[PDB]
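**Student:** Chains as they are written, first to last, in the entry's author numbering: chain B, 10 to 318; chain A, 10 to 318; chain E, 10 to 318; chain D, 10 to 318; chain C, 10 to 318. Every residue, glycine too, gets a C-beta built ideally from N, C-alpha and C. My questions all concern the structure below.
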Amino acid sequence: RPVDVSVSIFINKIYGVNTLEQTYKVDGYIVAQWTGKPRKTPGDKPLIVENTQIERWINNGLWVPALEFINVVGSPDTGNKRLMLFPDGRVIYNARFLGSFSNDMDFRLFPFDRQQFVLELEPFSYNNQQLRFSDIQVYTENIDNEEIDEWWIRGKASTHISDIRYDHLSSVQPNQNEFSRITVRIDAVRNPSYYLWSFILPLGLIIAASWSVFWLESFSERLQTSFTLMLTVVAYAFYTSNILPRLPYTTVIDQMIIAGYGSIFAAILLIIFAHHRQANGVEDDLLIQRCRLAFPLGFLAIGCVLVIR
Amino acid sequence: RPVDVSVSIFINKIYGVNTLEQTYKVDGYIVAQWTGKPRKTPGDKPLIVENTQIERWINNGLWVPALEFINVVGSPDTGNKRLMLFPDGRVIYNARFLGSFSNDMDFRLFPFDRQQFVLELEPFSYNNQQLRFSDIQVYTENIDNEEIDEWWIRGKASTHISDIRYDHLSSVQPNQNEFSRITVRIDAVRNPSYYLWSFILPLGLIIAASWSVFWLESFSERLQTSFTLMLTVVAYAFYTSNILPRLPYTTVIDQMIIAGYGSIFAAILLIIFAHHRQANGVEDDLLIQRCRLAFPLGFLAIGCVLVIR
Amino acid sequence: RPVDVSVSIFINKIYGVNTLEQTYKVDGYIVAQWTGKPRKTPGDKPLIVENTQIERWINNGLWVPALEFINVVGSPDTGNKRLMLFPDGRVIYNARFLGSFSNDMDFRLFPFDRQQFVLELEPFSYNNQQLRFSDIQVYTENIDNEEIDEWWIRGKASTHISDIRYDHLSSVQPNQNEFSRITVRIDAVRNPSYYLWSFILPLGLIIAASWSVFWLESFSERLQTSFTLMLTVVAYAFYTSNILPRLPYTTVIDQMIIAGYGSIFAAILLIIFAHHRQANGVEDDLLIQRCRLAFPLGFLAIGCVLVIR
Amino acid sequence: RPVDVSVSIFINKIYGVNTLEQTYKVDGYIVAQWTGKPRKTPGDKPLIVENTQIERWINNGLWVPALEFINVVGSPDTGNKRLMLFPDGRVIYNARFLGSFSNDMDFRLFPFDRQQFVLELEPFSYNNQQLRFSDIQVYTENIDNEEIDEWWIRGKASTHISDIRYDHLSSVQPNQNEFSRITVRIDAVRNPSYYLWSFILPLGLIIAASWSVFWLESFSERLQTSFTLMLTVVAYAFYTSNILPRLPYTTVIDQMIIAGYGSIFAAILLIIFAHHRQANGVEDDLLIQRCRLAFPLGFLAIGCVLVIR
Amino acid sequence: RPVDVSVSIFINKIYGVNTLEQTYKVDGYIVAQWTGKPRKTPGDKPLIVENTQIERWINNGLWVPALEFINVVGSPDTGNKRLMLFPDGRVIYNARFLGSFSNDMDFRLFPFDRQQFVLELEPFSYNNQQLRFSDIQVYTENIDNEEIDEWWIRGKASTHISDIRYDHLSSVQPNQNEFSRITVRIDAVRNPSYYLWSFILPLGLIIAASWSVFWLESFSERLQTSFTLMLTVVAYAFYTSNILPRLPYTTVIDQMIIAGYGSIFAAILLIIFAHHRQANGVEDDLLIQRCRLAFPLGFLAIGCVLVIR
Ligand SMILES: FC(F)O[C@H](Cl)C(F)(F)F
Ligand SMILES: FC(F)O[C@H](Cl)C(F)(F)F
């Protein structure tokens, strides 16, 4: 009894990740085929109906089922519409769309995270007793120049037809509450180049050269240099957070920065201590200089336990 | 006599809080059911009317009352509309919406604020003598990975149908001035993660380490260094202001920063004081040295009386 | 002859002031009542016609005159429309609007300026021989938590019906160049809180401690520290300009910064001077030290004639 | 043979110059008058048609020619449309518009540039054999409290009606390839106030005090300080470009900053030279000190011959 | 059998490249000519149908094939539409458009990159058995004062009609899967001035002057300065990244900055090494001074082999 509808989704561009909103843009076309009461067409050739005309055929009683992108955020930008009406009953709906879609996204592993871009498609009014998805095909471009792309799309789309029970329906009871839903998935990993070389590396180099505070010979030189190193971290904190995507949690890079702030406060506690440890007023040289290769290990080992995954 | 309307609101996403404008975005569906004069439907089965076709039934006189979101800011983006016409009189309105909504929002406890996301729903044209809200259902998705969300939704939505006296009317007098209104409330708190770890903590380390100025032994070392400390607070003031939400009042971090400005201006006053307090130019190294844990308590006390609540 | 129309304007939110464009947003409702040729209504009860149906009645020849917001910038976002048609002739137009409005805005005393939010309403086609405004009512909410509002609405709203002569007309001549215009005024003052505590004050502490450059005892110390003070000002300029509203002129704050810029250059010239004022190559430490209160007073005096308002 | 069209343009606001896009915003009204087939109006008084109704009259065969703003960027926001239909034949089209317009804009003398704001209006479909522009009237308010205005309008609008021959037309040949085009010009200059006091002047004070490095005593003092002077220029470059208009070229202010970078690199090149020029290792203070007026004049001499215009 | 369509594309402005999205905007006209069943026109002169009227003529069965821009991103803003209906059958569609287009864009050689802006035009429904592009003419303005333009368009546009096989179709079989496609390409190179003079050059000047650490005479001086130089580079990274285009990879300038980061970390390592390389702990001033001409040549040699393309 229920009508079988065949869907094909051609994906043109996935662009513009919104990190705070957990959304993304997808441009492509959607195709839908189903079969109805056969029809008299001008010539025994299939009939083509574009854009403003489809509305007219609907007023004469053509059944064109509303298919909703569930995880889209607000009505998508619809390009051209097409009905290809075959004389032998079958009907093809073809539409181009650009829409900003929503999905759960964990950005904690930035810049080395993998994400999956999803489309969720479901009919708006007719349940699986009325309209069901027979099959789903998703086609993607084959990207070869992905090294100039922000994201490396990682493997072909996965498809998934299932049924959804909306328990709370104000309608009827026997199975009038289940709807048939297509789900498209595309896996991807982030192109970590720019973030590796232009952010991670110099943060290391800076945190590195911070240790070279201990090879200054007076105390006065060492503590005062600590305040210029101090400022540099704040500056580097400002630099990253202004360019990196805003998020509600700490990333890898964010943590290196918290680590950089610690190492600098750490030295200030010691440099000030070594000036006062033992009697004689001795700048505990017994302590410093031994720190010239103590801290680069202390930071680098107690820093080797950031396995938050 | 009055028409009874039953409302169901499905909430999909509450995102994009706007601090300055006091708004937030809500994507969902809204459902309204009422019963009218029973009807001839094709088959004794309910009738489904999608989108552009609803306008047609209106011109032939189907009564579909406009229900307005009172606390929206501008006409919402409405996705698919749907009428389900049952033969036994009952009528179901189903429409998807995305809208920017307004409510009172206090951000003084940032990053530890609790908010109320609110919806207020009321008919646009018909009073409670004519149309009244019978009951209200609000459904919320269940967030399990809340550690990657901007906001933690805290408990299920509370609702309240109420009545409103509109004083200034051009209509008539006998009981023609009250309207039926749904009010949905959702409580939520901010995910304080990114801000404790990447803002509060280094502000402490910076504000703490400002104090290590008193462990320099020269006067020249002490006064000149605090000016490097001065630059560091403005840079940190600059960092915060660029990333934290724009507001028309001071937050806690805002106050700590001013305290940071004070702690350093205060210090410059003592350093200059202890050098000329006593006769002969003897540097009062009793005031200094006493300051080495005088300030870590004074600030830590005058900031421990930021109990403004 | 001319139709008297009674207007009521309900204001919900005045938000989103744009300083550079001198615009602001207003959300509210508008009511217009006038009386025409009496009508057949279903029941002796008034007829309610919403949204898409109003357009229909215009085509059957119903007169609904277009009332234009003079100072709106672009087509306002119209929410729900409603006609209330009375059997006794009279007609009530009700529509919700959100719109961006323009008015002259002087921001020179920022953050201590007062602005007035203005609405200017005038019919689009019909002069006052045809359509004139009988009376105008403006209703505004009671801001109770005004300490959490950015703008303090200061006294209830002002109203004023008037007539406007359009000299340059391509029409006729006979007093057909005058139009009936409602002009709503709302005065408001800026909540100067955030800017005092987080901008004016720390700028003071910074400008003040600039003066403590004269209590360094060396010439090298005094001269070299001022270059750091210099850096501290440029830094503070960047903090302010990036956060404060952008304008085509200098504000109060904009000037303080220029003063700090001056004072440091003033200090640099003295600090470099007292090193060469007297013969012997002796530092006129009479001059400096006089400066420990020449600048804190001199700057504070020739800068205390900042009665520029 | 051709229909004469008389145009009136009332300009309400010119705002929002986009420096990078070379565009500017214009709010106003446009009025076009022509004379046609005399007509029956209800009563012997002219007829008014508003908004949605103009379309209806177009369908019963009223000619209202589409007039295109040639240098607009994308379809403009048309507020109200109004048709005034005269019994003696004349037809007056009155429409309010807000649109983003384009013109070549050279911003190289910023902040001392003059721009001319242009409107170009031409019929979309009809040539000068068919439709021609009779006259163009442009009405502008006179902005007198121009001191809070970003731009000083250098007098009332100039116009130029001409004919434009389009080579590549797919139409017919004998004189059917020329179109009637109005060109409105408004001249204006930028108010250099804000940019003089808040950008030009403190850059001068800083570039000036940069020179006060030659008045430090040891070579260590002299060289170590210019690296802080260096940091200061970079801090100031950042301040400007983040607030000043975005462009594809160097401005005046841009160059001042390049000059400051030069002066400081120049001083370092000299400071290091005067230290090793002679044998004995003796400090060549003949070269230094002479530089105390070499740079303050050299920059001020080689910098007042920037007659690049 | 198939209809020949002759296309003309007039390009008005190419503006607003989005580096991240790999998009750019194009304003222009499109003209399409084909010949159909001849027609009786009012007078024996061609008929002009504008905008809303074209819509009407379609509903009575005028064939106007919808032509889609393949690589536009979202529904472009259609300006005026015009049908010119000739009596001898031919039909000309002319419409103005503004749209955002996508193409692969490689920005690695910034600011010296070349881009080609492409337009790809193809019918939405009709194959080359039904509709084909006969010829394509492309018209571009001649940029004469191109020195104020961000992009230099380099030569006339190249065009190419070709045919496209779509494999995955549910439609017909005998040659029914191929579509006709116009492809326009426009070459352009970037105006490298502003980025050369305001970014590359002062970056050189700073990276150079960084080297002058080796001419300070104390170890204390040389090392403490490296930390101030360190700060200057972080500042300069922030300035560039905030002003320059966002990309997913490192550019030439991004590389210069990493080099400055390296050179400074390089020196810190040597300065600290030269202090302990030799026995006695005496500063190996042999290594130093040799470094005064090691780095400007070493950096200039191993950095002139960044021919990475
Ligand atoms: F306040 C400062 F941080 O400003 C900039 Cl980044 C510095 F350090 F270069 F001066
Ligand atoms: F960074 C260096 F310039 O050192 C500190 Cl921040 C200054 F500016 F005070 F000199």
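Does the beta carbon of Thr237 (chain A) fall short of 7 Å from some heavy atom of ligand 2?
**Tutor:** If you number the second sequence from 1, residue 237 (chain A) lands on position 228. Under cutoff, so the answer is yes.
**Student:** For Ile173 (chain B), I'd like the list of residues in its chain whose CB is within less than 6 Å of its CB, leaving aside the five on either flank, ordered along the chain.
**Tutor:** Sequence index remark: in the first sequence, residue 173 (chain B) carries index 164 (1-based). Only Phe188, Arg190 meet the Cβ criterion.
**Student:** Output yes if chain B places a C-beta closer than 8 Å to the C-beta of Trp224 (chain A); else output no.
**Tutor:** Residue mapping note: residue 224 (chain A) aligns to position 215 of the second sequence, counting from 1. So, interface residue.
**Student:** Of all the options C:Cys313, C:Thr234, C:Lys54, which has the alpha carbon lying nearest to the alpha carbon of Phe274 (chain C)?
**Tutor:** Counted from its first residue, the fifth sequence places residue 274 (chain C) at position 265. Comparing Cα positions, the closest option is C:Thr234.
**Student:** Looking only at its chain, what residues have a beta carbon closer than 7 Å to the beta carbon of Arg117 (chain B), apart from the 5 residues adjacent to it on each side?
**Tutor:** Residue mapping note: residue 117 (chain B) aligns to position 108 of the first sequence, counting from 1. For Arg117 (chain B), where only same-chain residues beyond five positions count, the Cβ hits under 7 Å are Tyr258, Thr260.
**Student:** With a threshold of 8 Å between beta carbons, is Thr237 (chain B) in contact with chain A?
**Tutor:** In the first sequence, residue 237 (chain B) corresponds to position 228, counting from 1. It does: the Cβ of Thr237 (chain B) has a partner Cβ on chain A nearer than 8 Å.
**Student:** Can you tell me which residues form a DSSP beta bridge with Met93 (chain E)?
**Tutor:** Taking the first residue of the third sequence as 1, we reach residue 93 (chain E) at position 84. Answer is E:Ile57, E:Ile101, bridged to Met93 (chain E).
**Student:** Could you say which of E:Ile252, E:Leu205, E:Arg301, E:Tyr148 lies nearest to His177 (chain A) if we only look at CA atoms?
**Tutor:** The sequence position of residue 177 (chain A) within the second sequence is 168, counting from 1. Out of E:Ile252, E:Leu205, E:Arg301, E:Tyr148, E:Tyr148 has the C-alpha closest to the C-alpha of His177 (chain A).
**Student:** Any beta-carbon of chain A closer than 8 Å to the one on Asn251 (chain B)?
**Tutor:** Sequence index remark: in the first sequence, residue 251 (chain B) carries index 242 (1-based). Under the Cβ criterion of 8 Å, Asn251 (chain B) is counted among the residues facing chain A.
**Student:** Name the two residues that bound the continuous beta strand (DSSP E) containing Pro132 (chain A).
**Tutor:** Numbered from its first residue, the second sequence carries residue 132 (chain A) at position 123. Looking at the DSSP string, the run of the beta strand (DSSP E) that includes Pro132 (chain A) is 123 to 132.
**Student:** With distance defined between alpha-carbon atoms, name the residue in D:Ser227, D:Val73, D:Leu212 nearest to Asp294 (chain D).
**Tutor:** In the fourth sequence, residue 294 (chain D) corresponds to position 285, counting from 1. When only C-alpha atoms are compared, the closest one is D:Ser227.
**Student:** Does the Cβ of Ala310 (chain A) have 16 or more other Cβ atoms within 10 Å, making it buried, or fewer, making it exposed?
**Tutor:** As a first step, residue 310 (chain A) is located in the second sequence; it is residue number 301 there, counting from the start. By the Cβ-count criterion, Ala310 (chain A) is exposed, with fewer than 16 other Cβ atoms from all chains shown falling within 10 Å of its own Cβ.
**Student:** Is the segment 45 to 54 of chain E touching the segment 103 to 117 of chain E in the sense that three or more CB pairs, one from each, lie closer than 8 Å?
**Tutor:** no
**Student:** Could you check where the beta strand (DSSP E) with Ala197 (chain D) kicks off and where it finishes?
**Tutor:** To locate residue 197 (chain D), count along the fourth sequence from 1; it is residue 188. Taken as a continuous stretch (DSSP letters only), the beta strand (DSSP E) holding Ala197 (chain D) covers 187 to 199.
**Student:** How long is the line joining the alpha carbons of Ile297 (chain A) and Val242 (chain D), rounded to whole angstroms?
**Tutor:** Locating residue 297 (chain A) in the second sequence gives position 288, counting from the first residue. Locating residue 242 (chain D) in the fourth sequence gives position 233, counting from the first residue. Going from the Cα of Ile297 (chain A) to the Cα of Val242 (chain D) covers about 36 Å.
**Student:** From the beta carbon of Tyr203 (chain E), is the nearest beta carbon of chain A less than 8 Å away?
**Tutor:** Taking the third sequence and counting its residues from 1, one reaches residue 203 (chain E) at position 194. So yes, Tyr203 (chain E) belongs to the interface.
**Student:** Judging by CA-CA distance, which residue of E:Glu30, E:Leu225, E:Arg194 is the nearest neighbour of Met114 (chain E)?
**Tutor:** Residue numbering aside, residue 114 (chain E) sits at position 105 when the third sequence is read from its first letter. Checking every option, the nearest Cα to that of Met114 (chain E) belongs to E:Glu30.
**Student:** Quick one: what's got a C-beta closer than 6 Å to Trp160 (chain E)'s C-beta in the same chain, skipping five residues either side?
**Tutor:** Here residue 160 (chain E) refers to the residue found at position 151 when the third sequence is read from its first residue. So the list reads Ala197, once near-sequence residues are dropped.
**Student:** Can you give me the C-alpha to C-alpha distance between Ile252 (chain A) and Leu302 (chain A), rounded to a whole angstrom?
**Tutor:** Position 243 of the second sequence holds residue 252 (chain A). Position 293 of the second sequence holds residue 302 (chain A). So the alpha carbons of these two residues sit roughly 33 Å apart.
**Student:** Classify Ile20 (chain B) as helix, strand or coil using the three-state DSSP reduction.
**Tutor:** Residue 20 (chain B) sits at position 11 when you count from the first residue of the first sequence. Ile20 (chain B): strand per DSSP, three-state reduction.
**Student:** From the DSSP output, in three-state form, read off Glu156 (chain A) for me.
**Tutor:** The residue you call residue 156 (chain A) lines up with position 147 of the second sequence. DSSP places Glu156 (chain A) in helix when its eight states are reduced to three.
**Student:** Please confirm whether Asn68 (chain B) has its beta-carbon closer than 8 Å to some beta-carbon of chain C.
**Tutor:** Position 59 of the first sequence, counting from 1, holds the residue named residue 68 (chain B). It does not: the Cβ of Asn68 (chain B) has no partner Cβ on chain C nearer than 8 Å.
**Student:** Between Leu256 (chain B) and ligand 2, is the CB less than 7 Å from at least one heavy atom?
**Tutor:** As a first step, residue 256 (chain B) is located in the first sequence; it is residue number 247 there, counting from the start. The answer is no for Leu256 (chain B).
**Student:** Since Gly269 (chain D) is in the alpha helix (DSSP H), which residue starts that stretch and which ends it?
**Tutor:** Indexing the fourth sequence from 1 puts residue 269 (chain D) at position 260. Its alpha helix (DSSP H) spans residues 261 to 280.
**Student:** Count the other C-beta atoms from every protein chain shown that fall within 10 angstroms of the C-beta of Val316 (chain D), then say buried if there are 16 or more, exposed otherwise.
**Tutor:** Here residue 316 (chain D) corresponds to residue number 307 of the fourth sequence, with the count starting at 1. Exposed is the call here.
**Student:** Relative to ligand 1, is the shortest distance from any of its heavy atoms to the C-beta of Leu240 (chain E) smaller than 7 Å?
**Tutor:** Here residue 240 (chain E) refers to the residue found at position 231 of the third sequence. Flag set: Cβ of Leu240 (chain E) near ligand 1.
**Student:** What do you reckon, is the C-beta of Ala244 (chain E) under 7 Å from a heavy atom of ligand 1?
**Tutor:** Sequence index remark: in the third sequence, residue 244 (chain E) carries index 235 (1-based). Yes; taking the cut-off as 7 Å, the Cβ of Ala244 (chain E) has a heavy atom of ligand 1 nearer than that.
**Student:** Is the shortest distance between the beta-carbon of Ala246 (chain B) and the beta-carbons of chain A less than 8 Å?
**Tutor:** The residue you call residue 246 (chain B) lines up with position 237 of the first sequence. Closer than 8 Å to the CB of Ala246 (chain B) there is at least one CB belonging to chain A.
**Student:** Does the beta-carbon distance from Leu256 (chain B) to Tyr203 (chain A) come in below 8 Å?
**Tutor:** Working through the first sequence from its first residue, we reach residue 256 (chain B) at position 247. Working through the second sequence from its first residue, we reach residue 203 (chain A) at position 194. For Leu256 (chain B) and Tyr203 (chain A), yes; Cβs fall inside 8 Å.
**Student:** What does a CB cutoff of less than 7 Å around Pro201 (chain D) pick up in its chain, not counting 5 residues either side in sequence?
**Tutor:** Within the fourth sequence, numbered from 1, the residue matching residue 201 (chain D) stands at position 192. Scanning its chain for C-beta atoms nearer than 7 Å, with the 5 sequence neighbours on each side dropped, one finds around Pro201 (chain D) the residues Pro120, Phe121, in chain order.
**Student:** In this structure, how does DSSP classify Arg174 (chain B) when only helix, strand and coil are distinguished?
**Tutor:** Stepping through the first sequence from its first residue, residue 174 (chain B) is reached at position 165. It is a strand residue.
**Student:** Cβ closer than 8 Å: which chain E residues qualify as neighbours of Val40 (chain D)?
**Tutor:** As a first step, residue 40 (chain D) must be located in the fourth sequence, where it is residue number 31. Simply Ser179.
**Student:** Terminal residues of the continuous alpha helix (DSSP H) containing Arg299 (chain C)?
**Tutor:** Within the fifth sequence, the letter at position 290 stands for residue 299 (chain C). Per DSSP, the unbroken alpha helix (DSSP H) holding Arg299 (chain C) starts and ends at 296 to 299.
**Student:** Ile209 (chain B) CB to nearest chain C CB: under 8 Å?
**Tutor:** As a position in the first sequence, residue 209 (chain B) is number 200, starting the count at 1. Not an interface residue.
**Student:** With a CB to CB cut of under 8 Å and the five nearest residues on each side skipped, what residues in its chain are close to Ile79 (chain A)?
**Tutor:** Counting from one through the second sequence, the residue named residue 79 (chain A) turns up at place 70. Answer for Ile79 (chain A): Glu129, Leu130, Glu131, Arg190, listed in chain order.
**Student:** Specify the secondary structure class of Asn289 (chain C) as computed by DSSP and reduced to three states.
**Tutor:** Your numbering for residue 289 (chain C) matches position 280 in the fifth sequence. Three-state result, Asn289 (chain C): helix.
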